[PDB]
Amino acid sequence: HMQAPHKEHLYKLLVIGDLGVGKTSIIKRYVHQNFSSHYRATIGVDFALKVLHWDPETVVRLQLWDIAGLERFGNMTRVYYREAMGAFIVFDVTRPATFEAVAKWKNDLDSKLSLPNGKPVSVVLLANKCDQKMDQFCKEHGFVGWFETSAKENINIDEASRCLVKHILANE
C-alpha cells in the first residue's frame, strides 16, 4: 500500500532591491542555512530552489530568481520577471536611501508584470539587516505585508515567505 502523492504548487518568486541590501544573503540563508559576511555582487540573475512541506497534503516548490541590484537601470527586468507569481522587495535598514528605491522597483515590477487575470502580483517588503510608517507604506504601495529580516541571524525569512505564499494561494 502506497500513500497518495501530495498536491504541488510551483511558484517562480522574484527577489529585487538595490545593491547590497542583502537579496542573495536572504536566499542563501533560506535555502542553504548559510551566511557569509563577504560581499560578492550578483551578475545578472542567479537561481535557487526551496521545497516547502506546506501542509500534510501539499508541497510548494519555490523557484527563486535572485536579480542583481543594478538591473532596474538595464533593460532585462521584463524578461526576468516573466511568469513570476510573487516577489520580495528588499532594502537595508542601515542605509535609508535603499528604502527610497523600493518604490522604483515596485513600479518597475507592476509596469512589466501582472497575474494572468490582470491583478498585480503579491509582493512582500523585507527590511533587511535588522540585526543592525511601514504599515502605511505597504497600504499605499500595494504590498501584502512587511517584515524586519536578518540573513545573518535568520530572523523572519521563513515567516515572510510563508506570508507571501499564503497570499499567492489565496489569489489563484
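Residue indices: 1-based, along the sequence shown.
- Where coordinates are absent for parts of the deposited sequence, a chain break appears; between neighbours residue 37 and residue 38 there is no such break.
- Looking at 74 to 82 and 88 to 96 together, the entry lists the larger mean B-factor for 74 to 82, computed on C-alpha atoms.
- Note on 144 to 152 vs 6 to 14: mean CA B-factor is higher in 6 to 14.
- Between the residues 66, 55, 131, 108, it is 55 that shows the highest Cα B-factor in the PDB record.
- Considering 26, 115, 127, 103 together, the PDB entry gives 115 the largest C-alpha B factor.
- Annotation for residue 45: CA B-factor lies in the highest third of the chain's modelled residues.
- For residue 31, the recorded CA temperature factor ranks within the highest third of the chain's modelled residues.
- When the modelled residues of the chain are ordered by their C-alpha B factor, residue 123 lands in the lowest third.
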